[PDB]
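>
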């Protein structure tokens, strides 16, 4: 059984439900305003985090409730959230082409899938549900202002039985930064610029 | 005798009426509150027309309201309560869930 | 004294600017790459506006992208794989299959 | 879980716009030369979940993020610089009857070089600076013709080959040979150096888009090929068509827009070189200007002999900005843009005969057809004769071009014997005599 949340709510976990699978999205960033011969930069898409909570290990009995506060998904004793997308900073010259507000991809997890929010191509257009980047502005009329970010959403699955090769997790989502101990960079330069190519994490 | 007064009185404004017609188009199509726009702004306007400037269908005042009513009515019929503020990702999600239950 | 220089230097281009405005409208609305259009070409242009010139909704850059996204999303919910290039014949066919399985 | 990409911060400000990929890149710009930035630049990886590492500073990555030392240009003597500065001042707006708000001059010689910008572009608190881009105009014809001469050196075209081999439906495409394109012996009508209905549209609506190939396919020839030599925009456009055909039959398929910028930008190190696809060019740029002028005065500036003219007319009430223009008005003519240092490098590479064999580089300096005979209006004006070569216009011992597109006049000439380059640039359309006269005065000095 699948539920989609985009406004604050709480619902009871079913009796048959051996485990709960969830995909959670951050809010999008707001796009910047344009000026004259400059567009605004678009906001970035919200991050995507995924969790499986298992009965007995994480929740028990019939008192349980699954609670979405509008930006974090929670049960008694555990919670999962994803980082909000950065706001549009500054401006893009016309010669670099029209800003695009990037959407969240077709993420799939344990046979529950979140529909891809499409990219926003309208000038200053609002970010697409879920979590899409608000598009950058132009400078004429209603196209001047940057768009608001796409709202945060969760997609949740009440499931029965194990899947092929599943092992019960720590009950947190991903809380771990990428391993930078092996991070590598190539650098190149001119008399007035430096070009960075980072790699290897 | 070469250039009559009733012609001279029209030529007094003809050059300015072209600028007024350009400003009138750009304001209607983009919503600027300015004056003295260019034919470059005219081209921008006529290639980026507001969906609020085009008349609607099936009850909509505009084509923006028309499409929003269509998307909202499919999503309201699936979720079973009347609502607003759905997207095309909801449309795909909610039809995928109904198609699965129908199968 | 009858016709000042500041008028005469505007009247110098007034007749050409009307043709430049016609040429600008026809190019924006039909996508021509020509010059010297008529008021007939202008009426054709304004009665056959490209759906690429009208700004879209729900993420679409144009109304052509908006309608294509709506139709492609419904068909992608029914068929399950995300896709493109659906038509209104698919929309009727695939909704008839769900309606039968649901009944 | 999963790497989303990398963010680069300099002094705590994210230089990146959206996450860099595993072998992608970001450019950090406006850095002062010679200085070390290995302590200012810092790098962080992010996960799809939004988790972020504490920054690693480039010193901890052992990366040599120091900017290059400034290149030590060997200067001209100060007595010559004072005279050049007096020559430019005599062309700019504070002098009676001159309309140019600003100028750039780029000189290179065996006895030293001097690059300078002068005046402004009507921005409030910003005089001109040499990092700014400008339109190169019809100096782009030297870039286009040269790649056709390389292609003749490769035997991919012979001199006697005709337009019907490369493109369909051009008037007299059975009788125009490639030699007649290169030497302007094609009889084709010109859409900017002729046709006042086209010219008014260019002046009044420069951001309009145009099909000049369709105009050629409609046109009636002025003369039979080979019977005269007269200035042509149709020629260089049809050289773009021959070069697009070459990239189909040999090489890998490109447009003329792509092939002309790739070769010159990679070979000659012209980092600023581009062909605009938008109405505007890359940042920062010089703004371009024009007086409001009568159609009879626009025809005088856009004509083939225009730089000789006494353009002292049009005491007009007001000026139009002319920064925005569609490159479709000129195509393989007109369309290149970049800055003064790259424009002088283009002149050096045209002197050195880049892209060409030792045999072509001789032939190219010696075959000519008549452009214009004239009577010198003064001592600094040269022989009273100019001629079209296979890739340049000659004026005495100098080879080069004179051009405009919108508000910008640009001149570029190199001395065939000495190897010295003179570039001049005026940001007003009224300046078409003044920039060329300025070139003659620097050459005579």
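Protein chains in written order, with the deposited numbering: chain Pb, 413 to 613; chain Pc, 104 to 206; chain Pa, 104 to 206; chain Sc, 3 to 447. Beta carbons are placed, not taken as given, at the ideal position from N, Cα and C, and that holds for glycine.
1. Which residue or residues does DSSP assign as beta-bridge partners of residue 38(Sc)?
2. Check the Cβ-Cβ distances between residue 168(Pa) and every residue of chain Pb, and say whether any is below 8 Å.
3. At least one CB of chain Pa closer than 8 Å to the CB of residue 229(Sc): is that the case?
4. Strictly by DSSP, which residues pair up with residue 137(Pc)?
5. Thinking just about the alpha-carbon of each residue, which of 44(Sc), 33(Sc), 40(Sc), 85(Sc) is nearest to the one in residue 16(Sc)?
6. Which value, in whole angstroms, describes the spacing of the CA atoms of residue 228(Sc) and residue 192(Sc)?
7. Alpha carbon to alpha carbon, how far is residue 164(Pc) from residue 158(Pc)?
8. Which same chain residues end up closer than 7 Å to residue 143(Sc) when comparing Cβ atoms and leaving out the 5 residues on each side of it in sequence?
9. Checking contacts by CB at 8 Å: is residue 549(Pb) closer than that to chain Pc?
10. Please identify, using Cβ separations under 7 Å, the residues of the region 137-161 of chain Pc that lie next to chain Sc, in order along the chain.
11. Using beta-carbon positions only, say whether residue 184(Pa) and residue 170(Pc) come within less than 8 Å of one another.
12. Could you list which residues in chain Sc have their beta carbon closer than 7 Å to that of residue 119(Pa), in chain order?
13. Please list the residues of the region 123-135 of chain Pc that have a C-beta atom closer than 9 Å to any C-beta atom in chain Pb, keeping them in chain order.
14. Using 10 angstroms around the beta-carbon of residue 501(Pb), count the other beta-carbons present and answer buried if the total reaches 16, otherwise exposed.
15. Whole beta strand (DSSP E) runs in the region 480-549 of chain Pb with 3 or more residues, listed along the chain?
16. Apart from the five residues just before and just after residue 493(Pb), which ones in its own chain have a Cβ nearer than 8 Å to its Cβ?
17. Taking just the CA atoms, how far does residue 134(Pc) sit from residue 551(Pb)?
18. Which value, in whole angstroms, describes the spacing of the CA atoms of residue 259(Sc) and residue 173(Sc)?
19. Closest Cβ-Cβ distance between residue 542(Pb) and chain Pc: below 8 Å?
20. Quick check: the Cα distance between residue 416(Sc) and residue 48(Sc), rounded to an integer number of angstroms?
21. Roughly how many angstroms lie between the CA atoms of residue 136(Pc) and residue 130(Pc), to the nearest whole one?
22. So, using beta-carbon positions, are residue 394(Sc) and residue 344(Sc) closer together than 8 Å?
23. For residue 329(Sc), which residues in the same chain have their Cβ closer than 6 Å to its Cβ, ignoring the five residues on either side in sequence?
24. Per DSSP, what are the beta-bridge partners of residue 371(Sc) in this structure?
25. Give a yes or no on whether 8 Å exceeds the smallest Cβ distance from residue 518(Pb) to chain Pa.
26. In this structure, does DSSP put residue 169(Sc) in helix, strand or coil?
27. Please state whether DSSP places residue 295(Sc) in a helix, a strand or coil.
28. Which residue's Cα is closest to the Cα of residue 572(Pb): 423(Pb), 420(Pb), 427(Pb)?
29. Tell me the residue span of the beta strand (DSSP E) that contains residue 567(Pb).
30. Can you list, in chain order, the stretches of the beta strand (DSSP E) that have 3 or more residues and sit fully within the region 109-140 of chain Sc?
31. Have a look at the DSSP bridge pairing and note the partners of residue 435(Sc).
32. Any idea which residues DSSP pairs residue 322(Sc) with across the strands?
33. Would you mind sorting residue 38(Sc) into buried or exposed? The rule is 16 or more other CB atoms within 10 Å of its CB.
34. Does the count of Cβ pairs from the region 178-195 of chain Pc and the region 172-188 of chain Sc closer than 8 Å reach three?
35. Tell me the residue span of the beta strand (DSSP E) that contains residue 600(Pb).
36. Runs of 4 residues minimum, wholly inside the region 185-244 of chain Sc: which ones carry the alpha helix (DSSP H) assignment?
Inspection of the coordinates gives the following:
1. 68(Sc)
2. yes
3. no
4. Residue 137(Pc) pairs with nothing; no bridge assigned.
5. 44(Sc)
6. 17 Å
7. 6 Å
8. 238, 335, 403
9. no
10. 142, 143, 146
11. no
12. 202, 206
13. 129, 130, 132, 133, 134, 135
14. exposed
15. 485-487, 490-492, 503-505
16. 436, 438, 461, 483, 484, 485, 585
17. 11 Å
18. 24 Å
19. yes
20. 53 Å
21. 7 Å
22. no
23. 278, 337
24. 390(Sc)
25. yes
26. coil
27. coil
28. 427(Pb)
29. 566-571
30. 114-121
31. BP columns for residue 435(Sc) are empty, so no partner.
32. 292(Sc)
33. exposed
34. no
35. 596-601
36. 198-206, 214-220
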